[PDB]
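Mapping to the numbering used here: the sequence shown position 152 is 153, numbers consecutive.
Each residue gets a CB set at the ideal place from its N, CA and C atoms; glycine is no exception.
Following: one structure in structure tokens, then a few remarks.
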Amino acid sequence: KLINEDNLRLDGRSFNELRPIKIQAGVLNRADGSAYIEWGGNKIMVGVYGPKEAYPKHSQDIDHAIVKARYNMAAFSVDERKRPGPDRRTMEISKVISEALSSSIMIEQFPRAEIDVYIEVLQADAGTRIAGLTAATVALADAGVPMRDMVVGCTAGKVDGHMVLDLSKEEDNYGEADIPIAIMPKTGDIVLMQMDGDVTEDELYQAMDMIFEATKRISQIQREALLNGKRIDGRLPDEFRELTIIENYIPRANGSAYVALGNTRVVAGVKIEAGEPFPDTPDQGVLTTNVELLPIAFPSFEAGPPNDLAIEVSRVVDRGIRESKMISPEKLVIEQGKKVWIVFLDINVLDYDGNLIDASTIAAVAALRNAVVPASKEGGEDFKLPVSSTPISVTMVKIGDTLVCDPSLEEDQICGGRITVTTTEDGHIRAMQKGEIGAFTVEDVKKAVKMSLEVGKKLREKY
Numbered sequence: 002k003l004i005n006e007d008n009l010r011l012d013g014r015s016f017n018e019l020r021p022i023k024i025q026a027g028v029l030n031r032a033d034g035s036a037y038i039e040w041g042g043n044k045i046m047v048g049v050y051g052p053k054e055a056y057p058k059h060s061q062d063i064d065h066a067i068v069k070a071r072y073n074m075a076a077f078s079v080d081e082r083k084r085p086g087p088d089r090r091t092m093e094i095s096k097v098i099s100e101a102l103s104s105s106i107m108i109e110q111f112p113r114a115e116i117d118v119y120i121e122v123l124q125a126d127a128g129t130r131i132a133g134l135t136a137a138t139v140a141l142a143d144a145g146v147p148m149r150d151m152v153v154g155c156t157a158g159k160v161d162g163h164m165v166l167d168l169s170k171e172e173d174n175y176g177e178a179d180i181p182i183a184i185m186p187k188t189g190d191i192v193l194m195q196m197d198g199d200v201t202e203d204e205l206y207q208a209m210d211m212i213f214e215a216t217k218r219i220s221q222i223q224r225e226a227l228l229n230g231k232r233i234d235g236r237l238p239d240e241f242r243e244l245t246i247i248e249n250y251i252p253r254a255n256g257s258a259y260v261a262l263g264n265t266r267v268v269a270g271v272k273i274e275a276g277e278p279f280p281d282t283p284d285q286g287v288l289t290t291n292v293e294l295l296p297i298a299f300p301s302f303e304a305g306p307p308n309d310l311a312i313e314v315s316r317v318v319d320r321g322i323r324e325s326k327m328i329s330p331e332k333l334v335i336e337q338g339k340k341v342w343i344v345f346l347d348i349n350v351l352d353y354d355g356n357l358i359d360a361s362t363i364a365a366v367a368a369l370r371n372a373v374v375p376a377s378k379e380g381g382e383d384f385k386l387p388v389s390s391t392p393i394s395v396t397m398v399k400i401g402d403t404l405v406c407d408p409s410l411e412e413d414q415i416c417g418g419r420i421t422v423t424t425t426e427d428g429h430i431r432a433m434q435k436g437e438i439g440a441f442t443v444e445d446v447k448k449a450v451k452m453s454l455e456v457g458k459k460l461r462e463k464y
């Protein structure tokens, strides 16, 4: 019925209680280093190769080594058989774990080198990315790769009003929030952080403290496993660039919006069509998001162009729309369990001048407000698509000692490390995403949360 009954969880744990965690180094013969980890229902093998010369020589870098973490899921690792090979989700995980490890590995010691980290999840519970990352640290040590700290992390979240630790798959699927965080323990700087769902500033700060406390026991399992006042433009730090929104830019779609954010220009388009719902969720419609980093937008684009970035943007934008519950996907049922409304949100980037995530969010929100779902084709009165909230994403980076928001492209590259905080008009936080190589202090993340709430308020009323 409920996930907690006696203040006791469906598997019997207290609120801040870890699942069983085991770690086992050296298990593999070929890998320079390796680690096997069991974390609740998670079984993950990690192998480490390198450092070695970078292949292909295209990707090579003369300053430092490149950390190529690859996250792969066995076909038999999830509920239903899944086709082998990467998908959008495993590439984003591979990117976000690569970036984290790039902060702890001493990449500068190995110019032109590559360090391969292979994360093979054999059976997945929830929190696989953090278990993989926690075991990668042990694998890298098992291989003798030099590091300046040992990355470790944990999840937390909200389940039936309670903040809990190390969520299960069911708590992830049906709970109110999920918050993966990895840190460098010596300093406590955050090298991985994401957040899905619905949470208050106070709840987010509590979940963080629970995670930070949890890593003390987890860092120990790792060790014993081895023992065996203005910007360059006029803008102030809280100031966005000029915006121009043009709704119904593509009248032949169901909804759309052209957005310019400074010199960053995207147009979002919404195509709503009848389709078959999920066999899991039969009384909910579908929202699928995609953001195209068109070669037209940047000179370097079609070098790389990177898809990693385009996939990351698409997920962070989708996450904000989804977790804000903007769409109200229950009102989009045509024939319960046979026909629902598929809401395609496609965003084409035509000009890139920084802050693609926020510009895309603004476009998405605006385009979803020309709602006009065509109900007249499957019966009907054409009705406006229910809009229940206004999620604003705010993206933030650190220039020197001062946090700014809406970075230009110039600011976007000067400092490694960005953080996106999406909020709704109730002052709840719905999604977060730490990006790029670089760490943030807890204070930075706290200032980020406050700044994003403040400037999102201003944003929402002005547009």
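Residue pairing by DSSP places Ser-394 opposite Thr-423 in a beta bridge. Rounded to the nearest whole angstrom, the CA to CA distance from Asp-179 to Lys-435 is 14 Å. For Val-79, same chain residues with a beta-carbon under 7 Å away, outside a window of 5 residues either side, are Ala-125 in chain order.
Under the criterion of beta carbons closer than 8 Å, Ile-38 and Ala-136 qualify as touching, at roughly 4 Å. Counting only residues of its own chain and dropping the five nearest sequence neighbours on each side, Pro-186 has a CB closer than 7 Å to the CB of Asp-150, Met-151, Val-153, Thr-216, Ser-220. Sorting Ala-32, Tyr-353, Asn-308, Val-118 by C-alpha distance to the C-alpha of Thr-265 places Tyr-353 at the top.
Contact fails between the region 368-387 and the region 406-416, because fewer than three Cβ pairs, one in each stretch, are under 8 Å apart. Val-422 and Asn-30 have their C-alpha atoms some 43 Å from each other. Judged by their CB atoms, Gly-128 and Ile-120 are not nearer to each other than the 7 Å cut-off. Contact between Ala-114 and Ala-66 holds, since their C-beta atoms are separated by about 4 Å, short of 8 Å. Excluding five sequence positions before and after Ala-26, the CB atoms of its chain that fall closer than 6 Å to its own CB belong to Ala-36, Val-139, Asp-143, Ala-226, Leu-227, given in chain order. Of the candidates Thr-396, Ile-222, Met-327, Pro-52, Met-327 places its Cα closest to the Cα of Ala-365.
When DSSP states are grouped into helix, strand and coil, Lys-217 belongs to the helix group. Straight-line spacing of the CA atoms in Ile-430 and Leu-346 works out to 22 Å. Between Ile-322 and the set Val-122, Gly-230, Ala-432, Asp-64, the nearest pair of CA atoms involves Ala-432.
As DSSP reads the structure, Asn-291 sits in a beta bridge with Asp-347.
In the three-state reduction of the DSSP assignment, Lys-385 falls in the coil class, being assigned neither a helical nor a strand state. When the five nearest sequence neighbours on each side are left out, the beta carbons in the same chain lying within less than 6 Å of the beta carbon of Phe-299 are those of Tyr-353, in order along the chain.
Taking the C-beta atoms as reference points, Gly-417 is found no nearer than 7 Å to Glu-444. The beta strand (DSSP E) runs lying completely inside the region 74-105 and spanning 3 residues or more number zero.
Residue burial annotation: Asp-199 is buried, with at least 16 other C-beta atoms found within 10 angstroms of its C-beta. For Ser-257, the secondary structure class from DSSP, reduced to helix, strand or coil, is strand.
Around the beta-carbon of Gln-195, 16 or more other beta-carbon atoms lie within 10 Å, marking it buried.
For the set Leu-460, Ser-301, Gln-285, the Cα lying nearest the Cα of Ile-335 is the one of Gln-285. When secondary structure is reduced to three states using DSSP, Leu-9 falls in the coil class, being assigned neither helix nor strand. DSSP lists no beta-bridge partner residue for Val-366. Listed in chain order, the non-local C-beta contacts of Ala-254 below 7 Å within the same chain comprise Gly-270, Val-271, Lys-272, local neighbours out to five positions each way being set aside. Beta-bridge partners assigned by DSSP to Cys-155: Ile-182. Going by beta carbons, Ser-361 and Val-267 fall inside the 7 Å limit. Scanning its chain for C-beta atoms nearer than 8 Å, with the 5 sequence neighbours on each side dropped, one finds around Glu-202 the residues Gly-428, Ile-430, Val-450, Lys-451, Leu-454, in chain order. Counting only residues of its own chain and dropping the five nearest sequence neighbours on each side, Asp-12 has a CB closer than 7 Å to the CB of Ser-169. In the DSSP assignment, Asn-174 falls within the unbroken alpha helix (DSSP H) covering 170-175. When Cβ pairs closer than 8 Å are counted between the two stretches, the region 2-16 is seen to touch the region 156-163, the count reaching three or more. Between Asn-356 and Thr-396 the beta-carbon gap is near 5 Å, inside 8 Å, which marks them as a contact. Looking at the DSSP output, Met-433 sits in a beta bridge with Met-196, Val-422.
Its chain contains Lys-326, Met-327, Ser-329 as the residues whose beta carbon lies nearer than 7 Å to that of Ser-389, once the 5 sequence neighbours on both sides are disregarded; these appear in chain order.
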